[PDB]
Structures are given as C-alpha cells and as structure tokens.
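Novice: One structure follows; several queries about it will come next.
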Amino acid sequence: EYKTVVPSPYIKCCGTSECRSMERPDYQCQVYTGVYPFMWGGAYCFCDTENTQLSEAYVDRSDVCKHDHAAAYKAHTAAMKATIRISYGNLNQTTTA
Amino acid sequence: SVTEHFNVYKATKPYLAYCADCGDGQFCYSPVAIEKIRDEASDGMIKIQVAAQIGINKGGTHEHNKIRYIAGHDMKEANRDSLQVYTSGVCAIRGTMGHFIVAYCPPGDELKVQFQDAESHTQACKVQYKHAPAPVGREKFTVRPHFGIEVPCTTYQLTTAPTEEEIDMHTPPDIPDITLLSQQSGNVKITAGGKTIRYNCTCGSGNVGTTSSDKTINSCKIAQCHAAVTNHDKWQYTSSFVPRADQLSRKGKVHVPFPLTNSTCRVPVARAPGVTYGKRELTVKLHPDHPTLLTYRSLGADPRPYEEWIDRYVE
Amino acid sequence: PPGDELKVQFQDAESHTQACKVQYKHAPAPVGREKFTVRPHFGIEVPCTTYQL
Amino acid sequence: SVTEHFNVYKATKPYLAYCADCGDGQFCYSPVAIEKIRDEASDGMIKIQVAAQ
Amino acid sequence: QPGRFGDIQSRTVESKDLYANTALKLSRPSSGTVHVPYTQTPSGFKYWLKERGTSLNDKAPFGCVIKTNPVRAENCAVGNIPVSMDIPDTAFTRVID
Amino acid sequence: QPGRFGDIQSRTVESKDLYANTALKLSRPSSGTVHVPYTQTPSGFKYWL
Ligand SMILES: *[C@@H]1O[C@H](CO)[C@@H](O[C@@H]2O[C@H](CO)[C@@H](O[C@@H]3O[C@H](CO[C@H]4O[C@H](CO)[C@@H](O)[C@H](O)[C@@H]4O)[C@@H](O)[C@H](O)[C@@H]3O)[C@H](O)[C@H]2NC(C)=O)[C@H](O)[C@H]1NC(C)=O
Ligand SMILES: *[C@@H]1O[C@H](CO)[C@@H](O[C@@H]2O[C@H](CO)[C@@H](O[C@@H]3O[C@H](CO)[C@@H](O)[C@H](O)[C@@H]3O)[C@H](O)[C@H]2NC(C)=O)[C@H](O)[C@H]1NC(C)=O
Ligand SMILES: *[C@@H]1O[C@H](CO)[C@@H](O[C@@H]2O[C@H](CO)[C@@H](O)[C@H](O)[C@H]2NC(C)=O)[C@H](O)[C@H]1NC(C)=O
C-alpha cells in the first residue's frame, strides 16, 4: 500500500508564489489564484481575489511496507532434497540428501 | 510508564478543522475532524485520527478521563466516557492516545466519532469508509468462539511506547476573528483577547500588530479592518484542513502509537461433514454456522480445483 | 438512515420510556449519479428540495 | 405473589463463568456469561439465560 | 498501472528509489475552504488482497504442499528417484551360516 | 439421520425409550479453561420447520 502525503497548504495572503518541482515519486504541485478562504473566526486572507494557495501532494512508501508487503519473484532451477530411511539387516537409520 | 510516554504531547496543541458532515447533513467546525483511518490489522482493528487529544488535560498532564480540544480560542475540557465510535452500531474502543483512537468496528458504510462537549452538547464528525474486513482464515465468523484453533494475524499493540511512525508538527497559522473589533469614533478598538494580535488597516496605520490593546485612529470602522491571533506558543498538526503558516521545515515531532505487531487469533472449527461413500463418488453433508469455504483438488497429474462459499445446508 | 421501521420515543416524566413504532419504507432516491451516504469535503453542487428550518 | 415465587432463589447464588467475547474481541470472566437461548415462541420471543440473577 | 498490483514498486525493502503511478490529480479548492482537494486512484495492493483468491497450495498438481520460508513444494508424488548403493561385506551373511 | 426430520424419534409422548442420532462429538478442552467442548449436529426438527 502507498501513502499519499498532503501537507498543509501555504496560503499567500495578498501575494503570489511559484510552484517548485521536487524529486518526489508521483509529485504534483498547483498554484491557485483568487482564493478567499474562511476560518471559524472569519476570513483568513486580507484582499478579495488577490491571493494564492499552494497545493502539494506526493506518494511515499507506507510506514508498514517494512511489515505488510508482497514480493515478486522469478523461479527457476528447482533443487530437490528428500528424506530417506535406510533399514537393512540389523541397522535402522534416516538421512537427508 | 504512561507519563514519560505522554510527555511528548504537552508541547503540542489540539486544533479546530473543517468537518464536512457533523452527524447531521451539514458541515461545521468541530474538534473531532477525522483526518485518516489506518487499517493494517488482519484481525479487523482500525485506527482513527481525530483533531482532539485524548488523555491530556488543560495544563498538559495525563489523565484517564479527560479530553482536551478547541472551542473558539481557549482550550477546554471534556470527559472520556462519552467518546464513542459508530459505523452501523457501537464500536468497541481498545485504546486512545492523543489524536489516535483504535477500536473494533462492525462492518459498516460510515465512521462517526463523537464526544459529549463541555456545553453538554454532542460534537461529531462523519466520513465515508468501506469497513469490510477480510476473513481471518476460512470461516466468516463475527464472534470469537470458546474453542477452536489459533491462526496467525497482525494486530496493533496496546502500548504507548514511541515508534518509528510519526506525524508532522508545525506552528499554528494566523487565526482571524471579526469579534476582536469594536467600532468606536476615531479610535477603533481591537479587544486584545489572547497573547499576540496582528492587524492591517487600509485607512489606518496597520503595519504590524504587536500585542496588547491599541486605539487605532481611523474612520474605516469595522470595514477595511480585521485582526488575527499569532505567535501560538504550542504547535499544530499539519492537517490538510488548516492553512500552512510558512514554507519552513516542520517544528515539533510526534510518534504514532499502537504499532503493528505479530499475533494470533482464535478461529472457529467447522463440524466434520457427513460422508457417504459411493462407487468412486464422494457425497458430503455440509452444516455451516456461517459462510464456510469448501475446497478440494485432485492428487493426480491434472487437478480440477473447486471453490464455493457455503452458507446453508447443501449437498 | 435507510430502514424498515420508524420509532419515536422520549423519556417520560415518570422516568419511563414511551415510544410508538410504525412500518415505513425509508429508501431515499440518490441525489445525482452517485449512491453516497456521507457529504464529501469537495465536489460539485446539485440542486435538490429541502425543508426550510 | 412475587415474593413466594422468588423465595426459591434465596437458597441459590450467582456465579462467575468464562465468557469468550465480552463486547470487545477478547474473553474475560464476567457475571453475564450466556448459557442457553430458547426460541419456542411463534411470535418471535426468545429466552436468554445469564449468569447473574 | 494505477489500481492494479504493482501500482507502486520498490526494488528492495531498503530501497531509496520508489516508482509510483497512481494517477494523482489536483483541483481548485472550493470558495472559502482550506482542504487541498485531490482525487487519486485507490491502492492496487488492497485490490489484489481482496481479489487474490486461492494460492498455489489449493491448485498444485500431484498433491504438492506449498510452504514459504523458504518458498518450496514438498511431498510431490511424481517421477522416480534412481538409487546407487555401496554396501560393504560386513552387512551380508554367508550361506554357510 | 442427524440434521434431518427424524434425527430423534420417540414412539409416544409418554414414551420412556428415545432414539437419538445427532452425531455428538467430544474434544479436548483448551489449556487453562473449563468449558467441556463439544460439536453436535443441529436439530433436524427446526430444519424441517
Ligand atoms: C512479524 O514477524 C515476522 C517474522 O519474525 C517479521 O518479519 C521479519 O522481519 C525481519 C526484520 O525486518 C526480516 O529480517 C530481514 O531478513 C533479510 C533476509 O531475508 C531472510 O531470508 C534469509 C535467506 O535469504 C533467511 O536466512 C532469513 O529469514 C532472512 O531474514 C535480511 O537481509 C534483512 O537485513 C532483515 O534482517 C525477516 O526476514 C522477516 N521475516 C520474514 C519471514 O519475513 C515481521 O517484521 C513481524 N511483523 C511485525 C513486527 O508486525
Ligand atoms: C497589508 O495590506 C495591504 C493593504 O492595506 C496589502 O496591500 C495589497 O498588496 C497587494 C500586493 O499583491 C495588492 O494587490 C495587487 O497588487 C498586484 C501586483 O502585481 C496588482 O497586479 C493588483 O492590481 C493589485 O493591486 C493590493 O492592491 C494592495 N492593497 C493596497 C495597497 O491597498 C498588503 O499586501 C498587506 N501586507 C501584509 C501585512 O500582508
Ligand atoms: C525404525 O525405528 C523407528 C524409530 O523408532 C521406527 O519409527 C516408529 O515406528 C513405530 C511404528 O512402527 C512407532 O514408534 C512410530 O510410529 C514410528 N515413528 C516414526 C514413523 O517416525 C521405524 O518404524 C523403524 N523402522 C523399521 C524397523 O522398519
């Protein structure tokens, strides 16, 4: 399983930023202009449409790939080993070869 | 013990996030906004992350009966016996630590977490979740039997020890509030409720907000003016529903308890089927208490495997 | 939620519970083209009819 | 009445038994260990035997 | 491919490079809300887990019993095992006795 | 036969002799538990009902 890491977005109040590509698997970055977010106490930013929010998300190995994972293999040259009992005359022994 | 395991949270603070469905059919701003449910346990346990912190009081100390959260600006209190988890019926909670709750839940279509508020109100957050745990072994049982066999599985350990898995922590952002303003002739007052309040006024001086109460000369009144609380001494979790304060590296660091550990679960054993021997025929009576898997294959060169889940009596 | 009955109860002044149960097909039709049960945190708005509070 | 009908139990005592699933997913030793449930009723009534009195 | 087994791939458990193809998408936030909307393909690992079906143990020919640690097939009833024998004199008995 | 109509049979309501074929089985108790494990075929009467 993967893990989609979505950090808190940077909201540029009455300003503008640029997306910076990073070396992250399945990386996405988006700058949205004209945002007017709200909080519980009221409006977060100051202007009406002069604002940008930076959306960033990526895929990372889950915390339990170390525990929960499936392995893809190639199988060839199967080696056979068998357990045999030899009991003749007075002896009665078991060996593996 | 529990104290040197909970001391990691005191440096943190609960947060208020946007929950799209708070029990009823509408959004509101609740302290139990569910962030992410983790389901890595083979026995059906699920982990729920909530906005409120469970087991920590107003000061920061550890109790087994208090839940701290955000109601406006000030931290407040809640009791633990009222935390409940709902999917289709009532879920069995096995352990709570801060933002994280683990519980045993029946199969369901939703995941609701609610507690009783200090205002005697009920505050909940509802999300959509496919909770359809896979069977452990070959019998689709729901209740652990009193006899059977043990089958290995994965489970969350009920310990508070720190683990490699953790969650990001950072400084809280600016928190605006319209009520921190009152319109007065000339000197518009910004009631200084809190530690530090920032303002910026088009007609007035604006600039930095500093602290304490100030009497800003301006005719803009409430309009062209608003204030936000800043410099929170504690820390927030970088939730997806809260704006980022800044493009800097994270500040605090909090682990995720209840690590996945190897374990085994008792499973029921089906009754031996009744076999009548026909001439190179095999007929069996199947009496399952629950959906039971019947499997056979030929021992020769060309096998003919079978599959069928048995829920009633069949032949 | 979707159900087969409709029970309404209150706690009586005698600390008793007084209820009334009736049979009702409560199977609401989907709003739009997805059979969802929980309002999401993002999406699109579809017109509908509601009771004003 | 009820008193000369309950006088039969005074000479008895409740017991603690092994319940394999006490709400949560694990066993413990509870005073409501269910022994047998009987459904001889055509109207849907069931009888539950518990450890406590 | 996203949504199937192998949507994310890692060469080793101690691998630093991770390949991820989950068709992650970003979209405008709604007005007056800070939520970082994103739509992404669900994990193909869980899809495989609940669509795997039965393993090789349930379909192996010749009554093979498949175990892991290490991956092996035991007690398969097929073929012959040639035997070469080197018996000393001590084992045998004389016809005089 | 167990699990079908007539799994247990009695000639009369006042009969003292009772025939029962329910394939009752007994098995080891688990370690540290007193529960008398047993597995038995369900009643054929309720199945017929
Ligand atoms: C549940 O219990 C499982 C069994 O104890 C745990 O899985 C074990 O986890 C350890 C540590 O991560 C793994 O150790 C690795 O071993 C590899 C080599 O692979 C194995 O194969 C060789 C033969 O080539 C064989 O001799 C050994 O079994 C090897 O360990 C090393 O190269 C690594 O450095 C590392 O030591 C075990 O492989 C793994 N066991 C198995 C059978 O997968 C599991 O972590 C536990 N999960 C929990 C705690 O929930
Ligand atoms: C403190 O608030 C002042 C206003 O009191 C904010 O000033 C605002 O600054 C933004 C800068 O982006 C101006 O928006 C636009 O500027 C762009 C420049 O590319 C231009 O294309 C648009 O036409 C628009 O003007 C905005 O006009 C300006 N408002 C003013 C000067 O009244 C300032 O950003 C705030 N500073 C803090 C504390 O954040
Ligand atoms: C040789 O000795 C071994 C080990 O004592 C015998 O193995 C046991 O044989 C008897 C039954 O014949 C029992 O004690 C066990 O069922 C056997 N144990 C096994 C199969 O591991 C073995 O049969 C002897 N072989 C000979 C004399 O041919």
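We name chains A, B, ... following the order of the structure tokens; residues begin at 1 in each chain, and ligands are numbered from 1 as shown.
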Return as a PyMOL selection string every polymer residue, whether protein, DNA or RNA, with at least one atom no more than 10 Å from an atom of ligand 3; count only C-alpha atoms and all ligand atoms.
Specialist: chain A and resi 85-94
Novice: Counting only C-alpha atoms and all ligand atoms, what residues are within 10 Å of ligand 2, given as a ChimeraX atom specification?
Specialist: /A:12-16,45-51 /B:198-209,224-225
Novice: Any chance you can output those residues with N, CA and C atoms as a short mmCIF file (atom, residue, chain, number, x, y, z; two decimals), in the first residue's frame?
Specialist:
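Saved as again-v6.cif:
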data_model
loop_
_atom_site.label_atom_id
_atom_site.label_comp_id
_atom_site.auth_asym_id
_atom_site.auth_seq_id
_atom_site.Cartn_x
_atom_site.Cartn_y
_atom_site.Cartn_z
N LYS A 12 -0.94 32.32 0.50
CA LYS A 12 -0.16 33.55 0.37
C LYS A 12 -1.13 34.73 0.40
N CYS A 13 -1.28 35.35 1.56
CA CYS A 13 -2.30 36.37 1.74
C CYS A 13 -1.87 37.68 1.08
N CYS A 14 -2.59 38.07 0.04
CA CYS A 14 -2.29 39.25 -0.78
C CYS A 14 -0.85 39.20 -1.30
N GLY A 15 -0.56 38.14 -2.05
CA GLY A 15 0.77 37.91 -2.60
C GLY A 15 0.71 36.79 -3.62
N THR A 16 1.88 36.35 -4.08
CA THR A 16 1.94 35.28 -5.11
C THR A 16 3.22 34.46 -4.95
N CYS A 45 -7.39 35.40 4.69
CA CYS A 45 -6.55 36.41 3.98
C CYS A 45 -7.12 37.82 4.07
N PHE A 46 -6.49 38.79 3.40
CA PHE A 46 -6.91 40.21 3.55
C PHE A 46 -7.66 40.72 2.32
N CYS A 47 -7.19 40.43 1.10
CA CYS A 47 -7.82 41.01 -0.07
C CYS A 47 -8.99 40.12 -0.51
N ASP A 48 -9.68 40.53 -1.57
CA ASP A 48 -10.78 39.68 -2.11
C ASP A 48 -10.18 38.58 -3.00
N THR A 49 -9.83 38.89 -4.25
CA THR A 49 -9.34 37.85 -5.19
C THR A 49 -7.81 37.87 -5.33
N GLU A 50 -7.10 38.74 -4.62
CA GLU A 50 -5.63 38.80 -4.84
C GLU A 50 -4.91 37.84 -3.88
N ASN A 51 -5.04 36.52 -4.07
CA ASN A 51 -4.42 35.54 -3.13
C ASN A 51 -4.10 34.23 -3.86
N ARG B 198 -2.45 40.46 15.40
CA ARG B 198 -1.93 41.17 14.24
C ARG B 198 -3.07 41.85 13.49
N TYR B 199 -2.84 43.07 13.01
CA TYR B 199 -3.84 43.79 12.25
C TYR B 199 -3.19 44.45 11.04
N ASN B 200 -4.02 44.81 10.07
CA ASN B 200 -3.57 45.61 8.94
C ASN B 200 -4.79 46.37 8.42
N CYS B 201 -4.72 47.70 8.48
CA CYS B 201 -5.84 48.57 8.17
C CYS B 201 -5.51 49.42 6.95
N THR B 202 -6.43 49.45 5.99
CA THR B 202 -6.23 50.27 4.80
C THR B 202 -6.25 51.75 5.14
N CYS B 203 -7.29 52.20 5.86
CA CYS B 203 -7.38 53.60 6.24
C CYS B 203 -6.44 53.93 7.39
N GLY B 204 -6.28 53.02 8.34
CA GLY B 204 -5.41 53.23 9.48
C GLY B 204 -3.96 52.92 9.16
N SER B 205 -3.13 53.01 10.20
CA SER B 205 -1.71 52.73 10.03
C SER B 205 -1.46 51.27 9.69
N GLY B 206 -2.13 50.36 10.39
CA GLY B 206 -1.94 48.94 10.13
C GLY B 206 -0.54 48.48 10.50
N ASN B 207 0.22 48.07 9.50
CA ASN B 207 1.61 47.60 9.67
C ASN B 207 1.56 46.35 10.55
N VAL B 208 2.40 46.25 11.58
CA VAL B 208 2.45 45.06 12.42
C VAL B 208 1.44 45.20 13.55
N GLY B 209 1.02 44.06 14.10
CA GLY B 209 0.00 44.06 15.14
C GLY B 209 0.52 44.13 16.56
N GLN B 224 -12.61 47.56 6.24
CA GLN B 224 -11.20 47.80 5.93
C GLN B 224 -10.29 47.50 7.12
N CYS B 225 -10.77 46.66 8.04
CA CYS B 225 -10.02 46.33 9.25
C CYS B 225 -10.42 44.95 9.74
#
Novice: Could you give me, as a ChimeraX atom specification, each residue of region 95-183 of chain B that DSSP assigns to strand (DSSP E) when run on this structure's backbone?
Specialist: /B:95-104,108-116,122-131,149-156,166-170,175-177,181-182
Novice: Only C-alpha atoms, please: the residues just picked out, written as a PDB file, in the first residue's frame.
Specialist:
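Output file out16.pdb is given in full below:
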ATOM      1  CA  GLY B  95      -7.140   2.301  23.401  1.00  0.00           C
ATOM      2  CA  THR B  96      -6.835   6.061  22.987  1.00  0.00           C
ATOM      3  CA  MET B  97      -3.737   8.257  22.913  1.00  0.00           C
ATOM      4  CA  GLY B  98      -3.872  11.899  21.878  1.00  0.00           C
ATOM      5  CA  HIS B  99      -5.101  12.237  18.303  1.00  0.00           C
ATOM      6  CA  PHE B 100      -5.294   8.467  17.755  1.00  0.00           C
ATOM      7  CA  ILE B 101      -8.119   6.043  18.568  1.00  0.00           C
ATOM      8  CA  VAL B 102      -8.155   2.301  17.864  1.00  0.00           C
ATOM      9  CA  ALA B 103     -11.447   0.430  18.012  1.00  0.00           C
ATOM     10  CA  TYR B 104     -13.224  -2.759  16.978  1.00  0.00           C
ATOM     11  CA  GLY B 108     -20.412  -0.501   8.049  1.00  0.00           C
ATOM     12  CA  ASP B 109     -20.520   2.283   5.447  1.00  0.00           C
ATOM     13  CA  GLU B 110     -19.634   5.347   7.587  1.00  0.00           C
ATOM     14  CA  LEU B 111     -17.322   6.211  10.530  1.00  0.00           C
ATOM     15  CA  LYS B 112     -18.661   8.646  13.124  1.00  0.00           C
ATOM     16  CA  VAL B 113     -16.705   9.801  16.183  1.00  0.00           C
ATOM     17  CA  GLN B 114     -18.453  11.884  18.846  1.00  0.00           C
ATOM     18  CA  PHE B 115     -17.886  13.027  22.418  1.00  0.00           C
ATOM     19  CA  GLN B 116     -20.049  14.955  24.910  1.00  0.00           C
ATOM     20  CA  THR B 122     -22.714  16.428  21.234  1.00  0.00           C
ATOM     21  CA  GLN B 123     -19.958  17.152  18.703  1.00  0.00           C
ATOM     22  CA  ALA B 124     -19.377  14.603  15.944  1.00  0.00           C
ATOM     23  CA  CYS B 125     -17.640  14.171  12.596  1.00  0.00           C
ATOM     24  CA  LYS B 126     -18.808  11.743   9.911  1.00  0.00           C
ATOM     25  CA  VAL B 127     -16.826  10.316   6.981  1.00  0.00           C
ATOM     26  CA  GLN B 128     -17.371   7.610   4.364  1.00  0.00           C
ATOM     27  CA  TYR B 129     -15.336   4.439   4.897  1.00  0.00           C
ATOM     28  CA  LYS B 130     -15.509   0.944   3.399  1.00  0.00           C
ATOM     29  CA  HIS B 131     -15.070  -1.123   6.572  1.00  0.00           C
ATOM     30  CA  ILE B 149      -7.642 -23.350  16.644  1.00  0.00           C
ATOM     31  CA  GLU B 150      -5.213 -20.430  16.550  1.00  0.00           C
ATOM     32  CA  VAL B 151      -4.428 -18.680  13.255  1.00  0.00           C
ATOM     33  CA  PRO B 152      -1.658 -16.047  12.996  1.00  0.00           C
ATOM     34  CA  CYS B 153      -2.665 -12.455  12.270  1.00  0.00           C
ATOM     35  CA  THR B 154      -1.471  -8.863  12.626  1.00  0.00           C
ATOM     36  CA  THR B 155      -2.708  -6.501  15.335  1.00  0.00           C
ATOM     37  CA  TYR B 156      -1.962  -3.130  16.930  1.00  0.00           C
ATOM     38  CA  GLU B 166       5.224   9.625  13.499  1.00  0.00           C
ATOM     39  CA  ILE B 167       3.218  12.649  12.318  1.00  0.00           C
ATOM     40  CA  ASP B 168       4.387  16.117  11.272  1.00  0.00           C
ATOM     41  CA  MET B 169       4.033  19.057  13.655  1.00  0.00           C
ATOM     42  CA  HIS B 170       4.315  22.787  12.984  1.00  0.00           C
ATOM     43  CA  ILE B 175      -6.288  32.844  13.368  1.00  0.00           C
ATOM     44  CA  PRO B 176      -8.588  35.795  12.266  1.00  0.00           C
ATOM     45  CA  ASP B 177     -11.608  36.924  14.271  1.00  0.00           C
ATOM     46  CA  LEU B 181     -13.018  44.522  16.748  1.00  0.00           C
ATOM     47  CA  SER B 182     -15.467  47.117  18.054  1.00  0.00           C
TER      48      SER B 182
END
Novice: Give me, please, the distance in Å between CA of residue 106 (chain B) and CA of residue 165 (chain B), quoted to one decimal.
Specialist: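 Separating CA of residue 106 (chain B) from CA of residue 165 (chain B) is a distance of 26.6 Å.
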Novice: Give me the residues near residue 39 (chain F) as a CSV table (one decimal) with N, CA, C and O atoms, in the first residue's frame, where near means some atom within 8 Å (using only C-alpha atoms) and where sequence neighbours in that chain fewer than 6 positions away do not count.
Specialist:
chain,number,residue,atom,x,y,z
B,271,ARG,N,-17.8,-28.3,11.8
B,271,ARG,CA,-18.1,-29.7,12.1
B,271,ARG,C,-17.7,-30.6,11.0
B,271,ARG,O,-17.6,-30.2,9.8
F,24,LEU,N,-23.1,-36.7,18.0
F,24,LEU,CA,-22.4,-35.9,19.1
F,24,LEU,C,-21.0,-36.2,19.2
F,24,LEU,O,-20.5,-37.4,19.0
F,25,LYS,N,-20.1,-35.2,19.3
F,25,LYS,CA,-18.7,-35.4,19.4
F,25,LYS,C,-18.1,-34.6,20.6
F,25,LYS,O,-18.6,-33.6,20.9
F,26,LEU,N,-17.0,-35.2,21.2
F,26,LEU,CA,-16.3,-34.6,22.3
F,26,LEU,C,-14.9,-34.4,21.9
F,26,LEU,O,-14.3,-35.1,21.1
Novice: List all protein, DNA and RNA residues that have an atom no more than 10 Å from any atom of ligand 1, counting only C-alpha atoms and all ligand atoms, and report them as a list in words.
Specialist: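 Based on only C-alpha atoms and all ligand atoms, ligand 1 is surrounded within 10 Å by residues 64, 65, 66, 67, 68 and 69 of chain A; 40, 41, 152, 153, 154, 155, 156, 157, 259, 260, 261, 262 and 263 of chain B; 12, 13, 14, 68, 69 and 70 of chain E.
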Novice: If you take only C-alpha atoms and a cut-off of 10 Å, which residues of chain E touch chain C, and what are their nearest atom pairs and distances in Å to one decimal, in chain and number order, as JSON lines?
Specialist:
{"residue": "E:27", "atom": "CA", "partner": "C:42", "partner_atom": "CA", "distance": 9.6}
{"residue": "E:28", "atom": "CA", "partner": "C:42", "partner_atom": "CA", "distance": 9.5}
{"residue": "E:29", "atom": "CA", "partner": "C:42", "partner_atom": "CA", "distance": 7.7}
{"residue": "E:30", "atom": "CA", "partner": "C:42", "partner_atom": "CA", "distance": 7.1}
{"residue": "E:33", "atom": "CA", "partner": "C:41", "partner_atom": "CA", "distance": 9.3}
{"residue": "E:35", "atom": "CA", "partner": "C:41", "partner_atom": "CA", "distance": 7.5}
{"residue": "E:36", "atom": "CA", "partner": "C:42", "partner_atom": "CA", "distance": 9.0}
{"residue": "E:37", "atom": "CA", "partner": "C:42", "partner_atom": "CA", "distance": 6.3}
{"residue": "E:38", "atom": "CA", "partner": "C:42", "partner_atom": "CA", "distance": 8.7}
{"residue": "E:39", "atom": "CA", "partner": "C:42", "partner_atom": "CA", "distance": 9.7}
Novice: Selected residues, N, CA and C atoms, written as a PDB file, in the first residue's frame, please.
Specialist:
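The file below, selection-v2.pdb, is the result:
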ATOM      1  N   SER E  27      -7.071  19.706  -7.828  1.00  0.00           N
ATOM      2  CA  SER E  27      -8.194  20.527  -8.345  1.00  0.00           C
ATOM      3  C   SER E  27      -8.420  21.745  -7.455  1.00  0.00           C
ATOM      4  N   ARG E  28      -9.012  22.798  -8.016  1.00  0.00           N
ATOM      5  CA  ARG E  28      -9.340  24.008  -7.272  1.00  0.00           C
ATOM      6  C   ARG E  28      -9.987  23.675  -5.937  1.00  0.00           C
ATOM      7  N   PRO E  29      -9.579  24.331  -4.858  1.00  0.00           N
ATOM      8  CA  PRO E  29     -10.382  24.307  -3.636  1.00  0.00           C
ATOM      9  C   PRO E  29     -11.685  25.059  -3.840  1.00  0.00           C
ATOM     10  N   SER E  30     -12.698  24.673  -3.074  1.00  0.00           N
ATOM     11  CA  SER E  30     -13.944  25.418  -3.114  1.00  0.00           C
ATOM     12  C   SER E  30     -13.752  26.778  -2.454  1.00  0.00           C
ATOM     13  N   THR E  33     -12.818  27.694   1.726  1.00  0.00           N
ATOM     14  CA  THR E  33     -12.482  26.446   2.394  1.00  0.00           C
ATOM     15  C   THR E  33     -11.020  26.114   2.131  1.00  0.00           C
ATOM     16  N   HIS E  35      -8.914  22.936   2.124  1.00  0.00           N
ATOM     17  CA  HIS E  35      -8.977  21.484   2.215  1.00  0.00           C
ATOM     18  C   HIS E  35      -8.065  20.734   1.254  1.00  0.00           C
ATOM     19  N   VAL E  36      -7.366  21.412   0.347  1.00  0.00           N
ATOM     20  CA  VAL E  36      -6.485  20.779  -0.635  1.00  0.00           C
ATOM     21  C   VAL E  36      -7.208  19.625  -1.323  1.00  0.00           C
ATOM     22  N   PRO E  37      -8.183  19.888  -2.188  1.00  0.00           N
ATOM     23  CA  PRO E  37      -8.848  18.785  -2.887  1.00  0.00           C
ATOM     24  C   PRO E  37      -7.881  18.030  -3.779  1.00  0.00           C
ATOM     25  N   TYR E  38      -8.059  16.714  -3.816  1.00  0.00           N
ATOM     26  CA  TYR E  38      -7.291  15.856  -4.704  1.00  0.00           C
ATOM     27  C   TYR E  38      -8.076  14.568  -4.891  1.00  0.00           C
ATOM     28  N   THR E  39      -7.986  14.025  -6.111  1.00  0.00           N
ATOM     29  CA  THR E  39      -8.640  12.729  -6.428  1.00  0.00           C
ATOM     30  C   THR E  39      -7.532  11.784  -6.895  1.00  0.00           C
TER      31      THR E  39
END
Novice: Return as an NGL selection string the full set of residues in chain D whose backbone-based DSSP assignment is alpha helix (DSSP H).
Specialist: :D and (3-6)
Novice: With only C-alpha atoms as the basis for distance, which of E:8, E:25, E:76, E:1 is at the shortest distance from residue 64 (chain E)?
Specialist: E:76
Novice: So how far away is CA of residue 31 (chain A) from CA of residue 54 (chain A), in Å?
Specialist: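 A separation of 4.9 Å between them.
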Novice: Do you know which residues are at most 9 Å from region 26-30 of chain A counting only C-alpha atoms, after dropping those on the same chain fewer than 4 positions away, and could you put them as a ChimeraX atom specification?
Specialist: /A:18-22,53-60 /E:19-28
Novice: Please dump the current selection as a CSV table (one decimal), in the first residue's frame; keep C-alpha atoms.
Specialist:
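For reference, again-v3.csv as written:
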chain,number,residue,atom,x,y,z
A,18,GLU,CA,5.6,29.8,-7.8
A,19,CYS,CA,5.5,26.0,-7.8
A,20,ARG,CA,8.9,24.4,-7.4
A,21,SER,CA,9.2,20.8,-8.8
A,22,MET,CA,10.9,18.4,-6.4
A,53,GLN,CA,-2.8,28.8,-2.3
A,54,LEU,CA,0.0,26.2,-2.9
A,55,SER,CA,-1.3,22.6,-3.3
A,56,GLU,CA,1.4,20.0,-3.0
A,57,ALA,CA,1.0,16.2,-2.8
A,58,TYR,CA,3.0,13.1,-3.4
A,59,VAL,CA,3.2,9.3,-3.0
A,60,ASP,CA,5.5,7.7,-0.4
E,19,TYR,CA,8.3,4.0,-8.5
E,20,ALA,CA,4.7,5.3,-8.2
E,21,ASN,CA,2.0,5.5,-10.8
E,22,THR,CA,-1.3,6.3,-9.1
E,23,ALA,CA,-2.7,9.0,-11.4
E,24,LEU,CA,-2.8,11.6,-8.7
E,25,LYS,CA,-4.9,14.7,-9.6
E,26,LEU,CA,-5.2,18.2,-8.1
E,27,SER,CA,-8.2,20.5,-8.3
E,28,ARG,CA,-9.3,24.0,-7.3
